[PDB]
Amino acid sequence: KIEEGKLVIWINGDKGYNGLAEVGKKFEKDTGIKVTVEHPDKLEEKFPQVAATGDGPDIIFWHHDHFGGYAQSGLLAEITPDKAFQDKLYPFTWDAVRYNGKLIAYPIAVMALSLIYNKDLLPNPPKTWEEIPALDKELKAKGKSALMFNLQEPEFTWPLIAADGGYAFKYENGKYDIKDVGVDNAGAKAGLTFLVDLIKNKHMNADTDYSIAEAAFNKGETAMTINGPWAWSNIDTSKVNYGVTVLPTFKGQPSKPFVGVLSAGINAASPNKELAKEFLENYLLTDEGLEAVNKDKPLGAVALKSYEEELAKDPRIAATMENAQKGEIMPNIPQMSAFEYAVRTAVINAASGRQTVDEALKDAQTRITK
């Protein structure tokens, strides 16, 4: 069993744990309650094992894409933030922490791909995908390419595919319809066709992966790339004069990247559910709380409006949130793994020529709906 009278928190060591501990001292100072933070290896794997025997931490911090499986095994307690507290965070973040209609976690930070460009090569990045082909011809006359990004993982191409209508699973009334998949509709085919055309016209090469794109970009060979916050440090050291901005639109509609939400859940077996709620709502999810974490280590875009507005003075963090607000929340249901294999394959086959956009997406849809 979990000891009553105190709080034990688990969070990955790459996050600001000393910060959370700092909020913990504040909490103890205030209430006299002890708060201890631990960061075990493979904690996201350990949690379901120890929580299943009625043990583990009171609170667990991790990307929401793992909370669906946790809730599915009843490993998380239903949280009870009232309407006023909920209105303190961007509305879209709450959709990432709902399990079959029930809120099962507090969103903390938001992640999503943005458009990264070389300010020297491109003082004014393109507002649309449509204008990239001609921009590439212009730049190639100077021995540079317009854009390069990972074409081997679905996360990087989906923003364009979803712009005109593609989606993973229909989400309405707080829930997903596992039977409504939009992988082979006109919107998706339009986006993939445009991606394929770029390749066909030699603006991009179907073989470009993550390593190749970063190399080209950090080396000043290509004017733009698509990647998340986790890639910035590597660019900082390349000394490239880079900027981060909203993704290009397609057919007048915003690209829609998948959004990841760092969340804090309460162990279903925790006898300290009330202390956890007090800690999370009134200590961590405040400007002072988040300020303590961020300082120890960067949080990036946060879900708390008031503090997000402060961090947003950094155009890169503001861009992450803009792209996230226009993005598609990453579904946490089990079928999402089928979508990721099916779509990775379709994109690679359409890109290589092994399949037409029509056939590749037709087979993916069928695969995901089975």
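All residue numbers are counted from 1 along the displayed sequence.
Averaged over their C-alpha atoms, the temperature factors of 155-163 and 96-104 are higher for 96-104. When the C-alpha B-factors of 193-201 and 274-282 are averaged, 193-201 comes out higher. Per the PDB record, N173 has a higher Cα B-factor than any other of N185, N227, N173, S255. Within the group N218, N118, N267, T128, the record's highest C-alpha temperature factor is found at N218. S306 sits in the lowest third of its chain by CA B factor, as recorded in the PDB entry.
Compared with the other modelled residues of the chain, the Cα B-factor recorded for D180 ranks in the highest third. Per the deposited record, the Cα B-factor of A360 falls in the middle third when ranked against the other modelled residues of its chain.
In the deposited entry, the Cα temperature factor of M336 sits in the middle third of values across the chain's modelled residues. Ranked against the other modelled residues of its chain, the C-alpha B-factor of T249 as given in the entry falls in the lowest third.
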